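Below, in structure tokens: the form deposited in one PDB entry, a single chain.
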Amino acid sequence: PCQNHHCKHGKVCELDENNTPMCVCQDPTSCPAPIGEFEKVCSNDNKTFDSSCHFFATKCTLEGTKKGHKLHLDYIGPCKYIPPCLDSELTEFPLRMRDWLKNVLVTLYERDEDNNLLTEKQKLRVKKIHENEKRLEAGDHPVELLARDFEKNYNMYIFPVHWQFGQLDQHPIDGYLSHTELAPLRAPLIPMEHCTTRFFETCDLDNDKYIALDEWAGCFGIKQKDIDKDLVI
């Protein structure tokens, strides 16, 4: 009778006295063992957990706690040595990753089949981007080029910038990216990913430790006037 009951990350459904479904913290050892280093995860305390399940099981007991509020999945994989974000790389990061977005969204559209990846309206949006003679092709471009393109193709970035935020705001969906939600942006694929944290600390204007839509958008150069919640969902 808990089959339909989907408890959030870190918890599981156990029936209480009245045989009613209840969400309690999952036993970290009830999580499946990791297949390889790739299933492991690293917290922001530099402690490699066996898997995000294990991590979220552990972290579950800290709900409400000041310690818990701070406990976060830094990145997927085993805790690795992370190179300090050079002052240089940091200023060049926004441009580097903003382009990365447009290209990811493009390749998603190209890989999409019967909307398995992009919804209807989303595909339409990425379509206008995709088939535009002006669209700068993907490749390792000098920050200068990436910059001139941003001005010369600003409208081409408004959706990609908005999309990524939606893709991340899911733990839970509330319009804010926690340190954990930004974890995907710390994977090796991201350009100068070691700068992700440093950078996003730059975006966290009111320093609440959460990147909100306006901070995120504004951090990527998207005019506050061009921010649109409809583009996120």
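We number the residues from 1 along the sequence you see. Heads up, when I say rigid core I mean the largest set of C-alphas that superpose within 1.5 Å between the two forms.
Keep in mind that the form deposited in another entry is missing from the display, and what follows is about it.
Trainee: Taking the rigid core as the superposition reference, indicate whether the CA of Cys85 shifts 2 angstroms or more between this form and the one not shown.
Mentor: Superposed on the core, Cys85 moves its C-alpha less than 2 Å between this form and the one not shown.
Trainee: Superposing on the rigid core, does the Cα of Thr107 end up 2 Å or more away between this form and the one not shown?
Mentor: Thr107: C-alpha displaced by less than 2 Å between this form and the one not shown.
Trainee: With both forms fit on the core, has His72 moved 2 Å or more by CA between this form and the one not shown?
Mentor: Comparing forms between this form and the one not shown, the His72 CA shifts below 2 Å.
Trainee: Compared with this form, is the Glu133-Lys102 Cα separation smaller or larger in that other deposited form, the difference being 3 Å or more?
Mentor: Note: Cα gap between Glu133 and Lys102 shrinks in that other deposited form.
Trainee: Closer or farther apart in that other deposited form, the C-alpha atoms of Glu137 and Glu215, for a change of 3 Å or more?
Mentor: So the answer is farther.
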